[PDB]
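K.L.:
For reference, the structure I am asking about is given below.
Number of protein chains: 2
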Amino acid sequence: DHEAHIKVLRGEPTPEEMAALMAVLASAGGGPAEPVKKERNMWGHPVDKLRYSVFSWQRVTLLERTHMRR
Amino acid sequence: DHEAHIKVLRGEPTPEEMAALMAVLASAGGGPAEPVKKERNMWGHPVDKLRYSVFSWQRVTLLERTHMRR
């Protein structure tokens, strides 16, 4: 029972106004309802387009890190 | 004087014979014998043709080191 509920802090609507309000709010709600897991596609990632010095620490902290983050 | 010289361990040549021997040896000398003129050219070096895992330790111990040795 530990979830955030909608609160009507002020006002005492009757069942009809409550129903209208909830219907409108549900209609307003949207966006990604139950989206699939976002597909990984590292092809042509910006990090791969950079010039790295042969001894650059960013070869570890930026390039390898980006390729390995999962 | 700490130069390594030629030694005639056995035998006792006369000056003419020593002259002949030394002339033949000097002619047989190895010429330039690998001069210091060698120049660095890392274009198309084999290490750059290898597939490296994104986290390969050989990126440090083989690739980076080969590119950095002087």
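First to last, the sequence lines map onto chains A and B. Heads up: the first sequence begins at 226 in this note's numbering, then just goes up one per residue. Heads up: the second sequence begins at 226 in this note's numbering, then just goes up one per residue. Just so you know, even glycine gets a beta-carbon here, dropped at the ideal spot from N, CA and C.
Would you say the stretch 266 to 276 of chain A touches the stretch 250 to 262 of chain B, given that touching needs at least three Cβ pairs under 8 Å?
P.N.:
no
K.L.:
Step through the CB atoms of chain B and report whether any lies within less than 8 Å of the CB of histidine 227 of chain A.
P.N.:
no
K.L.:
Buried or exposed for residue 212 of chain B, please, with buried defined as at least 16 other CB atoms from any protein chain shown within 10 angstroms of its CB.
P.N.:
Absent from the model: residue 212 of chain B. The displayed extent of chain B is 226 to 295, so no value can be given.
K.L.:
In this structure, does DSSP put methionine 247 of chain A in helix, strand or coil?
P.N.:
helix
K.L.:
Should the stretch 276 to 295 of chain A be regarded as contacting the stretch 277 to 291 of chain B, the criterion being three or more beta carbon pairs within less than 8 Å?
P.N.:
yes
K.L.:
Using a Cβ-Cβ distance under 8 Å, would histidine 292 of chain B count as near chain A?
P.N.:
yes
K.L.:
Would you say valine 272 of chain A faces chain B, with C-beta separation under 8 Å as the test?
P.N.:
no
K.L.:
Determine the closest residue to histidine 270 of chain A out of A:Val261, A:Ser252, A:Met293, A:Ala248, with distance taken between C-alpha atoms.
P.N.:
A:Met293
K.L.:
Any C-beta of chain A sitting closer than 8 Å to the C-beta of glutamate 242 of chain B?
P.N.:
No, its Cβ sits nowhere closer than 8 Å to a Cβ of chain A.
K.L.:
Does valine 279 of chain A come within less than 8 Å of chain B when only Cβ atoms are used?
P.N.:
yes
K.L.:
Where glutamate 241 of chain A and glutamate 228 of chain A are concerned, what is the direct C-alpha to C-alpha distance, given to the nearest angstrom?
P.N.:
25 Å
K.L.:
Given that a residue counts as buried once 16 or more other Cβ atoms are within 10 Å of its Cβ, and exposed if not, what is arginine 284 of chain B?
P.N.:
buried
K.L.:
To the nearest angstrom, how far is it from the Cα of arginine 235 of chain B to the Cα of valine 261 of chain B?
P.N.:
36 Å
K.L.:
Do you know how far the Cα of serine 252 of chain A is from the Cα of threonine 239 of chain A?
P.N.:
20 Å
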